[PDB]
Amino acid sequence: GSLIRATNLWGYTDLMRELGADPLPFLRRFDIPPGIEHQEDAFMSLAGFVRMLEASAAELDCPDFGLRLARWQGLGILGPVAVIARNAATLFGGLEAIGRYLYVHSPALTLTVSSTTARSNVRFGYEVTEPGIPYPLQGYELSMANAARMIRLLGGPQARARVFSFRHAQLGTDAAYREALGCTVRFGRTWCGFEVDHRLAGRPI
């Protein structure tokens, strides 16, 4: 089964404490080694991680767990891939490099970057594909909240996607998604990701 860089766990101990919960029983349940959060270049089970997110959200009545966890994460979780992204010429170049090398983060993640004459914007379409996992709802929300942070870092603190799209129906509060994503959010769609206009895409880093 696929690994993911264990930077994707940054904040889990802190958030779990914020919610009044002991993280250690969760880590052991999902076969995640307890210190791995803080071990650079370590990798963890992607299946374990996504199931742990779902259990943390469900058992703690925290529907926006994934969105909240992104507050401790952002571009730095991409480790070597962040170094490549920051050295691109334009925000597009940065995000497309992330897409090209996203397998370095986890082989289970696919980013499709496309634009078409027939439609507005550059679309960043994102998929988690891992045999045997439940639909990684919290995983997708964490991914997109991270993406929004990455847009602001690479694109300047005013930079926003035009839209975020999720396959699932809205779970958390309106306020939760607005705070994390900071734009139109569409739910229950055929694709997951975000779009950026060409003006922002071509902005120098």
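All residue numbers are counted from 1 along the displayed sequence.
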Is the mean CA B factor in the deposited entry higher across 157-165 or across 31-39? 31-39
Of 6-14 vs 20-28, the stretch with the larger average CA B-factor in the entry is 20-28
Out of 83, 89, 111, 108, which shows the largest CA B-factor listed in the entry? 89
In terms of recorded Cα temperature factor, pick the maximum from 147, 46, 137, 60. 60
Within this chain, which third does the Cα B-factor at residue 193 fall in: lowest, middle or highest? lowest
Taking the entry's C-alpha B-factors for this chain, is residue 143 in the lowest, middle or highest third? lowest
Ranked against its chain, the third holding the CA B-factor of residue 132: highest
